[PDB]
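Residue numbers (the numbering used here), protein chains in the order written: chain A, 298 to 434; chain B, -2 to 136.
No residue lacks a Cβ here, since even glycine has one placed at the ideal position from N, Cα and C.
Report on the following structure.
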Ligand SMILES: Nc1nc2c(ncn2[C@@H]2O[C@@H]3COP(=O)(O)O[C@H]4[C@@H](O)[C@H](n5cnc6c(=O)[nH]c(N)nc65)O[C@@H]4COP(=O)(O)O[C@H]3[C@H]2O)c(=O)[nH]1
Ligand SMILES: Nc1nc2c(ncn2[C@@H]2O[C@@H]3COP(=O)(O)O[C@H]4[C@@H](O)[C@H](n5cnc6c(=O)[nH]c(N)nc65)O[C@@H]4COP(=O)(O)O[C@H]3[C@H]2O)c(=O)[nH]1
């Protein structure tokens, strides 16, 4: 499995020197590598596609057409949906479809859901819009 | 940003190296291929090409067309044959401008002259463009 910097280097979004400079910057700042690269010109959508590939998620370019199934939303308390950044939106072939806000949360969410699931990843605004739709207050 | 060449823009953005751009331009010297086509074939992400080309012609790059509900009244402003020939899908209206999604930034001027009215242009990747076209203009 590839690290994020290598995935992006291979794709050609960043240069070798750019990756080295970002890693050197991270040694002093503690920032996530992805945030540094985005600040230096990596599109956020390109970052998220690479992070999705690294964790076996499907990146969703848009959430606007999703109609959240209330039956699926039942599988997480709203408080858990927010804290874990996970919106169950529906079912497909006996799996619950779940949209994550952060690929790092895949494992924690999957363990908790404890059932076959298909994981998606969405950018922060599209995720928030989808979350409010599925879990209205 | 509208005054820079494609290579310069990609260099400025950190998406191409000076070496890669030199190679591509020298090969174009012999082949006459479109420059972005050469760069992509040598490994430039197609989306990096489209983002730079969008900046160059003042177009808004669309990461996705899947959330667009094409307004049938805007689609009337182009015959289907023109929509496909010019690679332009009129999708709606905002503030008295028509919103138009292009498949190729090089066609912006020809579409603008034809529409003859205030317009807001977008650029979408080929697959995303074709999907939107077929929705706005079923056969
Ligand atoms: N939601 C979100 N998640 C992000 C972001 N950036 C990175 N991640 C994810 O969070 C994990 C920790 O990244 P890190 O703090 O930068 O720590 C990274 C980084 O310090 C470092 N390193 C990362 N990439 C490379 C590389 O290409 N070459 C070398 N030599 N070291 C790398 O290894 C550590 C683990 O790398 P990864 O396996 O890829 O695991 C990454 C990656 O899965 C972001 O902006 N947003
Ligand atoms: N849909 C689409 N459009 C594309 C593509 N590649 C380039 N274009 C666009 O089409 C125009 C013609 O580019 P070209 O035939 O390769 O002709 C180019 C190229 O031969 C050359 N040249 C291009 N970039 C550079 C550069 O950075 N430095 C130098 N010295 N010469 C360049 O100057 C000419 C004008 O360049 P531009 O102003 O950028 O104008 C470009 C650019 O707007 C593509 O792959 N797909």
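| said: Looking at the strands, I want to know which residues DSSP matches up with residue 119 of chain B. | reply: DSSP links residue 119 of chain B through a beta bridge to B:57, B:98.
| query | Just the Cα atoms here: how many angstroms apart are residue 392 of chain A and residue 38 of chain B? | reply | Taking the straight line joining both Cα atoms gives about 38 Å.
| request: Mind checking the stretch 43 to 73 of chain B against chain A and listing, in chain order, the residues whose C-beta falls within less than 8 Å of any C-beta there? | output: Taking 8 Å as the Cβ-Cβ cut-off, the stretch 43 to 73 of chain B approaches chain A at 44, 45, 48, 60, 61, 63, 64, given in chain order.
| query | Should residue 384 of chain A go down as buried or exposed, given a rule of 16 or more other Cβ atoms within 10 Å for buried? | reply | Residue 384 of chain A is buried by the Cβ-count criterion.
| query | Taking 6 Å as the line, does the beta carbon of residue 101 of chain B fall inside it for any heavy atom of ligand 2? | reply | Checking the Cβ of residue 101 of chain B against ligand 2 gives yes.
| request: Would you verify that the beta carbon of residue -1 of chain B is, or is not, closer than 7 Å to some beta carbon of chain A? | output: Not closer than 7 Å to any Cβ of chain A, the Cβ of residue -1 of chain B fails to qualify, so no.
| request: Closer than 6 Å by C-beta to residue -2 of chain B: which residues in its own chain qualify, once you throw out the five before and the five after it? Chain order, please. | output: Closer than 6 Å at Cβ, skipping near neighbours: 52.
| said: How far does the alpha helix (DSSP H) with residue 9 of chain B in it extend, from its first residue to its last? | reply: First-last of the alpha helix (DSSP H) with residue 9 of chain B: 3 to 10.
| request: Kindly indicate which three-state DSSP category residue 364 of chain A falls into: helix, strand or coil? | output: Here residue 364 of chain A sits in coil by DSSP.
| Near-chain E residues of the stretch 310 to 324 of chain A (beta-carbon distance less than 8 Å), N- to C-terminal order | The structure shown contains no chain E; the protein chains it does contain are A and B.
| Since residue 423 of chain A contacts residue 359 of chain A with CB under 8 Å, what's their CB separation in whole angstroms? | Here residue 423 of chain A really is in contact with residue 359 of chain A; their C-beta atoms are around 6 Å apart, less than 8 Å.
| C-beta contact flag for residue 98 of chain B and residue 129 of chain B at 7 Å | Yes, they are a contact pair.
| message | Would the stretch 6 to 20 of chain B count as touching the stretch 302 to 315 of chain A if we require 3 or more Cβ pairs under 8 Å? | response | For the pair of segments examined, the stretch 6 to 20 of chain B was found to touch the stretch 302 to 315 of chain A: the number of CB pairs separated by less than 8 Å reaches three.
| message | Give me the chain B residues within the contact set of residue 331 of chain A, using Cβ-Cβ distance strictly less than 9 Å, ordered along the chain. | response | Neighbours of residue 331 of chain A in chain B, taken as residues at a C-beta separation under 9 Å, are lacking, since the least C-beta distance is about 15 Å.
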